[PDB]
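Single chain ahead, written as structure tokens, the form deposited in one PDB entry.
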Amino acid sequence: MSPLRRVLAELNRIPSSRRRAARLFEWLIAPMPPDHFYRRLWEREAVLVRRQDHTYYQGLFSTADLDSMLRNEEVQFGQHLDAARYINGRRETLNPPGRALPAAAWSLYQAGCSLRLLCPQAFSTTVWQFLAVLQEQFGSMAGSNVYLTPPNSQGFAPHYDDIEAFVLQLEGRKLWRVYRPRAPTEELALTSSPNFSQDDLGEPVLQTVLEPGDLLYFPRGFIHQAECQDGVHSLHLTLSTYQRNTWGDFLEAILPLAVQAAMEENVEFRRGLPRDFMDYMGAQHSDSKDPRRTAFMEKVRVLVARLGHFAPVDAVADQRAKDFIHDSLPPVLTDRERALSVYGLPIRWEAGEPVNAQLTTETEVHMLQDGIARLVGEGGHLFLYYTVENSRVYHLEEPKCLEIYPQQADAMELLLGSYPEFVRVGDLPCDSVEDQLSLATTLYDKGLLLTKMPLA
């Protein structure tokens, strides 16, 4: 077994989804310690991990897998696959319209075009598990792109991305050039950059040839470009996460709610503006030393600083967790998780008819996995959003939730916060035995709960 197949087999043996995610990330950057990586290198500098083992990723994704996909799946150009090339300093996109059959894709490849698969997790169960598990320790959606570049060519123009990137070299070799942010405003850039020319760049802070097994990481804002040497092609998978997951994004959501709450709860935010402020505020008064401006600006600073007191921080955290649920890949269940939940509940047939299975107050249970559900308050109501009905295709499924009544709130929170400890249904903090069985049965039937022993 290769290291990748080995660790995946190991993951199936780890009862907690939280621990499985920590383990896979540990494996991803080994031998570098995760603690050291997040403390000093995450979002700060480019990092190269020389693996010394070309088989490290064997089983994750290969060119034969790409070929098999184009033939047996409905892979579309533009929607799923891009064909591009960077020749004569110009970025070209040769995307024919329609389905990307093997004959077409490979003809483009033989003509020097690079092929980029936009959603491999939708077509590969191994990439799916890989991302589903890693998204849990990033606390942010984890996507991927697969890049196949033919010998002696470059598929893309230098540029920097709007996400944190992990480059896994799968096949062949490729010369990579990584540059530090060119200016202060480019550090941890908010959006993807345009295509740059060789003249827009300076001296790379990291230039190296990657080999199968190696890993190259760099923060958003770091310009990069890669090319294949003589005779050897290159296949790599880029793992991306942390798209617009900043303090500023958190603030953009909290501010309108904070002002709204301040206006409704405090008369000072309700008082009228001065009748003559238009006489000293405005671009045509920017050079003015009018004492009225200073007082006006001083009031703006004081009111804005107040707003902190009215900021609904928990509500915004829940709104972001809800969007995370919506963006998430559905879970990959271990053999045990499937066997102990409604997914592995057998239906016995006799005489051509199904003959069904009930939880009791003695049944011990806990959440299917740690990152598949979230309690969210909306419009004075409580809703439990979940990922178990999500597609492997990004946003193909709309947000899924079920209403949690006030009486069940305490028990629901207990279940979400005590994973993976088993809890008897009869020990749930509800006002009646009937309420305990009701909540447990609802969660179990929806595939959100597992039992210590199979129900049947």
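Start at 1 and count along the sequence shown; that's the residue number.
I87 is a gap in at least a third of the other entries compared, counting only those with both neighbours built.
For the cut-off of one third of the other compared entries, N356 qualifies: that many or more give it no coordinates while modelling its flanks. According to the entry, the deposited sequence has 1 to 3 residues without coordinates between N356 and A357. Annotation for 241 to 249 versus 146 to 154: the higher mean temperature factor (C-alpha) is found in 146 to 154. The mean C-alpha temperature factor is higher for 83 to 91 when 295 to 303 and 83 to 91 are set side by side. In the deposited coordinates, the residue among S140, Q110, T126, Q319 with the greatest CA B-factor is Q110. Remark: of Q135, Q121, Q169, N195, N195 shows the highest value [criterion: C-alpha B-factor in the PDB entry].
In this PDB entry, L28 carries a Cα temperature factor that places it within the lowest third of its chain's modelled residues.
Residue-level temperature factors show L60 in the middle third of its chain, judged at the C-alpha atom. Per the deposited record, the Cα B-factor of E397 falls in the highest third when ranked against the other modelled residues of its chain.
The entry lists a Cα temperature factor for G272 that places it in the lowest third of the chain's modelled residues. Looking at the C-alpha B-factors along this chain, the one for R182 belongs to the highest third.
Heads up, the form deposited with a partner chain bound isn't pictured, but that's what we're talking about next.
Contact check at 4.5 Å (heavy atoms) against the partner chain in the deposited complex: all three of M141, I163 and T241 pass. The closest heavy atom approach of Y147 to the partner chain in the deposited complex falls within 4.5 Å. Taking the partner from elsewhere, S193 is found to have a heavy atom lying within 4.5 Å of the partner chain in the deposited complex. Using a 4.5 angstroms threshold between heavy atoms, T93 counts as touching the partner chain in the deposited complex. At the 4.5 Å threshold, heavy atoms of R116 reach the partner chain in the deposited complex. Contact with the partner chain in the deposited complex, judged by any heavy atom within 4.5 Å, is made by just one of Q198, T360, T125, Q79: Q79. None of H159, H366, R180, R173 but one reaches within 4.5 angstroms of the partner chain in the deposited complex through a heavy atom, and that residue is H159.
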